[PDB]
Amino acid sequence: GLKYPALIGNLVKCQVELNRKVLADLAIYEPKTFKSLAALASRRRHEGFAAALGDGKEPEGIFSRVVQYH
Amino acid sequence: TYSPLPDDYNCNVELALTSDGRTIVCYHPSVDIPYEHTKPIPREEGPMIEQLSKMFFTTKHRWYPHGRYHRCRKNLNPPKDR
Amino acid sequence: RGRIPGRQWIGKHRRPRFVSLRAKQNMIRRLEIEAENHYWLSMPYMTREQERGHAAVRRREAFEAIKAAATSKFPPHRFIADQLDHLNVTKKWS
Amino acid sequence: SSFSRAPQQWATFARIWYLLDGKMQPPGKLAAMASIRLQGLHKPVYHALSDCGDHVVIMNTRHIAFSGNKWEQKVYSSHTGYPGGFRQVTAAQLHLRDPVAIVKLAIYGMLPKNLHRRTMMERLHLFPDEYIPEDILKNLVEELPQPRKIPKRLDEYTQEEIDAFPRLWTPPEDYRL
Amino acid sequence: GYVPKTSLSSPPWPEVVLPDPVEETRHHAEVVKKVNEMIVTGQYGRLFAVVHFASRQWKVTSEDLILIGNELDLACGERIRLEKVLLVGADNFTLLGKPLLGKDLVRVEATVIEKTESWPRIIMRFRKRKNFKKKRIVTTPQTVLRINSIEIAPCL
Amino acid sequence: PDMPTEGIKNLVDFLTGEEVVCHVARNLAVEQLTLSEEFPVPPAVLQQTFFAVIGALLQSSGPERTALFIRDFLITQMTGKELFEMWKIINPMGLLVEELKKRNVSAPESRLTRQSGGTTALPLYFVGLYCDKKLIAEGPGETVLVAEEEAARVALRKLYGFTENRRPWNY
Amino acid sequence: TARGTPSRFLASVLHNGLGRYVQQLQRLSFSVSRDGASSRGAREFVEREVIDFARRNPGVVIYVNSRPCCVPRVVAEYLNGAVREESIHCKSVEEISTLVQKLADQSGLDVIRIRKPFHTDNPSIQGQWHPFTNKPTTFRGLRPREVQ
Amino acid sequence: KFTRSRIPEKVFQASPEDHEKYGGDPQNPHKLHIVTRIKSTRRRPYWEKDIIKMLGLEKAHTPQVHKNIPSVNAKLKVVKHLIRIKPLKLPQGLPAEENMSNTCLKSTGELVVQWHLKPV
Ligand SMILES: [Mg+2]
């Protein structure tokens, strides 16, 4: 119940870098893993939409907020 | 109460997060098939090629044989995988 | 049925090419980057008068090094070690 | 899970039957979905060499609704072998003389242009009425969501929703209409 | 600014709403504790990890082979500890970092079996009437790896 | 610990059979040192020599070294080999009923969960096994009887903990 | 040229990575020539490298024919039975040493298309995907267009 | 005839609106730029190719620093349509003798001297 562009965008918007080969392998031999990934992608999409609509103040998405590095 | 996807097949959906926010965790328990969602077990060339095609819903081209060239080109000792 | 003159990209008549949204967005972002570069290129720091000889020493040193490397252009040396080891092609055992 | 080798393979490489319905819907989206389901694209193990597909059954092909004015614009022409046999029949005439051809040609053109096109077409079935054979009916499994949403005429909104919708203007009390 | 319900008054997609942050964090902590207890009880079986080695993400499980197209300078028969894992799990639970996971959380044990070479690859270039005919054979190095097991700790 | 004595004995006989022994001997260059007659050496003499070498390693090294060798070779030779394929059985329904009686008497209500097609010569039925309104396992199959047999086999696997989701090993 | 060349799936000879590690190299037979300029490298190797190579791994036995040969060869046998009879005609000591090390490191597996550089025995853990996945089940499993 | 395209003086004249839009400022301006070629040298005149070769931008998508002086300013403007320019602002002091092995460029021009591999 998702699309490839939005799914890839939501997966990239979570610091969860995963190539396409591993994604296909999981979808083939691990339906539950891909289901959880799709759920996380939909949650990130909804959080981003809510943020763009209300500009946050001050949730900033429980799943968003990338981990900074130095 | 929120649910990003309908938990009515394959497994449920429960996205989790650690206190440090560095690793994501999930809990996808498999869904069991209910008891009321089941049912009780109840208790010559041309014509032959056409019948086979109608039975297998395939075309009438692959049914015919091939020459010895393709027969010999076929590998009888394929690589055993798994 | 669409018969047109030879070669569609030259001559008196050519097939009319139309622009899409991809090329439009590409040109827009390119113009934005160009305007950013223009803005960044509108604030000097030395005003020319302050750069009448602040690094000529480095240029002279680099030129001297290049000249020394060029003048060093000479054939290699020679040694008797290789000429004597070449005789080992007939190394014999007992 | 477990599942032995041969049974697991036969299960993962099995052919499933689907059901599609028209009734005031466009044929393009229906044909696209039928081709996607026949080529096996819907499955995660899609490939041409694997020969993965699923039968697609469409019913009520006579109640198809076109968009715009395609009923008197789309010309389904076809030239024969003999000369002068350039037939240029419109969509309305082709549907009146053959209501099981529009979606057929749509799915034929949507599917790839390879030798598997004929097999994928033979895997598909069409019916211009609600009557379906018993074998196919028993073979059908599940029903994917329909494409269009149906505009719903005024004779289905119920009086409750009609009353809930407030007016917008006030015609004169002495208007002869 | 009321808008009567029409075919375009509101968007077509369902307007969902997210829960509160306090309850969300509470549920997150509860699920984390549940997963930690499940891991401590030893309920998992046959773990799998996506090891990003040799610039490639391999869906590693257990007792599987891997062949890399380069040299690592390691004597055949030495244990190796891989890192950069970002997708660990098994059944009824999963784990993934942001991106990489903690070192003390995952431990991938691997070994070296052999260091062979690739089959004779042929290189060739040709052009039209330009007398261009170039040929070359290449035999890049290869290796073999075997992941013994994938341990896990309750570090959460 | 959930496996019976018969299954354990059958698995031991399979591992100590002839095919795996011959494979291990030919992969360990043991056939090149077998002082036997009529080359190639038959499987019986090869297995005898292999067991003699095992006994020699035992009498020389010790029990721990021999156990480690066994775990590393024989137990490793049965990694991909799924259950039943190594220990052939007949009528899995009988074994399932016996295991249930040993646990709790309850006739498994064989019920059809999902079916693909029908009378098309290429069906796919998902036969289940309801144990007091509580499914314990399931498995697909071509026909109905074959599907029920596969479901019973998967149920036996789950009961014995031999499914693919088991533990790899402890080295 | 894969279609006109045999292939083989990636796999091991005995899963040595799991338990103990066994050297796949069996024996090595060197055919060095006493009198001849076509085996100076092999002679220097057998002189001041073969001993070190043999002592670095006592699980391999090496032979030295030392017969009147015109082209020095090396027979690298393996446990499975493969044989790699290569030639070392005019080669430096370092090259011969590297070749011997490579032969000892590799296994008897053929040198052809490996196809799929991975041999996952049990790739499915959460249940292999089948057409009846991620789908619900109606009441009593009533197929579409079913009254009773 | 396609001559050498010149640029007038009214172009390079940052206005208050431009300064407000971006982060740069007139007083105390940057001293170095971050040149990064984003366009190929082909399909361009020969003098532009020579300028690109002199600037040292053979491999595209590569960072480069040059002096912010009138001469280099004009040299950059000559190919402005083929390179990306950005200021090199150092949050901390310049790289000392001790801060030369652990460094990083980082996007948006931010040369960090304490480049580590750990999370905040
Ligand atoms: Mg023309």
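- For this deposition, the record names cryo-EM as the technique by which the model was determined and cites 3.9 Å as its resolution.

Looking at the packing of aromatic side chains
In step 1: Evaluated as defined, the whole model comprises 14 aromatic pairs over all chains.
In step 2: Between E:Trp58 and G:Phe118 the ring centres are 6.2 Å apart and the planes differ by 70 degrees, which places this aromatic pair in the edge-to-face class. Of this pair, E:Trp58 sits in strand 2 (residues 56-60) while G:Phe118 sits in strand 5 (residues 118-119), which puts the two residues in different chains.
In step 3: The class of E:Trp58 is buried, set by a relative accessible area of 7%.
In step 4: Taking the relative accessible area as the measure of exposure, G:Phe118 reaches 33% and is therefore partly exposed.
In step 5: With centroids separated by 4.1 Å and ring planes inclined at 20 degrees, the aromatic side chains of F:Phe69 and F:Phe73 adopt a geometry described as stacked. With F:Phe69 and F:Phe73 both in helix 4 (residues 63-77) and four residues apart, this pair spans about one turn of that helix. By the burial criterion, F:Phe69 is buried, and F:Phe73 matches it.
In step 6: Taken together through their ring pairs, the aromatic side chains of C:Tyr39, C:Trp40 and H:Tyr22 make up a single cluster.
In step 7: In this structure, B:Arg62 packs its charged tip against the face of B:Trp63, placed 5.2 Å from the ring centre.

Some thoughts on the nonpolar core
In step 1: Core analysis: the largest hydrophobic core is formed by 33 residues, its most contacted members being E:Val106 and E:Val108.
In step 2: Those elements giving two or more residues to this core turn out to be helix 1 (21-40), strand 1 (48-53), strand 2, strand 4 (80-82), strand 7 (106-112) and strand 10 (145-152) of chain E.
In step 3: Listed in part, the 27 residues of the second largest apolar core include A:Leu40, A:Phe63, B:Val13 and E:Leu96.

Focus: the sheet that holds strand 2 (residues 55-59) of chain D
Remark on secondary structure: sheet strands pair via backbone hydrogen bonds, oriented parallel or antiparallel.
All names here are of chain D.
In step 1: In spatial order, the strands read 1-2-5; together these three strands make up an open sheet with parallel pairing. Each of the sheet's edge strands pairs with one partner strand only, and the pair in question is strand 1 (17-21) and strand 5 (125-126).
In step 2: As judged from the two bridges shared by strand 2 and strand 5, these two strands associate in the parallel manner. Of the residues in strand 5, the one forming a bridge with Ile-58 is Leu-126.

Regarding the interface of chain G and chain D
In step 1: On the chain D side, the residues contacting the eleven residues of chain G number 17 residues.
In step 2: Of the roughly 1400 Å² buried at the junction of chain G and chain D (both faces included), carbon and sulfur atoms supply 59%.
In step 3: On the chain G side of the interface with chain D, the three residues burying the most area are G:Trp129, G:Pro144 and G:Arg145, jointly 42% of the side's total.
In step 4: Applying the counting criterion to the chain G and chain D interface returns one salt bridge.
In step 5: With a shortest N-O distance of 3.1 Å, G:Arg145 and D:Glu143 are connected by a salt bridge.
In step 6: Put simply, chain G and chain D have three residue pairs in polar contact between them.
In step 7: Broken down by class, the residue content of the side of chain G that touches chain D amounts to five nonpolar, three polar and three charged.

Looking at the sheet that holds strand 2 (residues 24-26) of chain B
In step 1: Pairing in this open sheet of six strands is antiparallel, and the strands run 1(B)-2(B)-6(E)-5(E)-1(E)-2(E) from one edge to the other. Among the strands making up the open sheet, the edge pair consists of strand 1 (15-17) of chain B together with strand 2 of chain E.
In step 2: Pairing of strand 5 (residues 88-89) of chain E with strand 6 (residues 94-96) of chain E involves two bridges; the strand directions are antiparallel. In the strand pairing of strand 6 of chain E, E:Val88 is matched with E:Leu95.

Some details on the interface of chain E and chain G
In step 1: Counting residues at the interface gives 27 residues for chain E and 25 residues for chain G.
In step 2: Of the roughly 2400 Å² buried between chain E and chain G, counting both surfaces, carbon and sulfur atoms make up 58%.
In step 3: Counting the surface chain E buries against chain G, the share from its top three residues, E:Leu65, E:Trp119 and E:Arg146, is 24%.
In step 4: One can count zero salt bridges joining chain E with chain G.
In step 5: Along the lines of polarity and charge, the residues of the side of chain E that touches chain G split into twelve nonpolar, seven polar and eight charged.
In step 6: Sheet topology note: the strand 3 (residues 65-66) of chain E/strand 5 of chain G ladder contains two bridges and is antiparallel. Within the sheet, the bridge partner assigned to E:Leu65 lies in strand 5 of chain G and is G:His119.

So, the packing of helix 5 (residues 92-103) of chain F against helix 6 (residues 144-160) of chain F
A packed helix pair is summarised by two numbers, namely the angle formed by the two axes and the spacing between the axes.
All names here are of chain F.
In step 1: Running from amino to carboxyl end, helix 5 crosses helix 6 at an angle of 40 degrees, the nearest separation of the two axes being 9 Å. On the basis of the axis angle, helix 5 is oblique to helix 6. Crossing angle aside, the handedness with which helix 5 passes helix 6 is left-handed. Contact residues: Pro-92, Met-93, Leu-95, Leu-96 and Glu-99 in helix 5; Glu-148, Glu-149, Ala-152, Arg-153, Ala-155, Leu-156 and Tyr-160 in helix 6.

The rules we used
- Residues numbered from 1 in each chain as written, not as in the entry; some residues may be left out.
- Chains lettered and ligands numbered in written order.
- Part of a larger assembly, values for the part shown.
- Heavy atoms only, no water.
- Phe/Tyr/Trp six-rings, centres within 6.5 Å; stacked < 30°, edge-to-face > 60°.
- Helix = DSSP H or I, 4+ residues; strand = E, 2+ residues; numbered from the N terminus.
- Buried < 20%, exposed > 50% of the residue type's maximum accessible area, 1.4 Å probe, protein only.
- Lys NZ or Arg CZ within 6 Å of the ring centre and 35° of its normal.
- Core = buried A, V, L, I, M, F, W, Y, C linked by side-chain atoms within 4.5 Å.
- Pairing = 2+ DSSP bridges.
- Contact = heavy atoms within 4.5 Å.
- Buried area = accessible area lost by both parts, 1.4 Å probe.
- Salt bridge = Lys/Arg side-chain N within 4 Å of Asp/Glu carboxyl O.
- Polar contact = N/O pair within 3.5 Å; in protein donor to acceptor, adjacent residues only side chain to side chain.
- Nonpolar A, V, L, I, M, F, W, Y, C, P; charged D, E, K, R; others polar.
- Axes fitted to C-alpha atoms, helices over the stretch in contact; angles between N-to-C directions.
- Parallel < 35°, antiparallel > 145°, perpendicular 65-115°, else oblique.
- Left-handed = near helix turned anticlockwise from the far one by under 90°.

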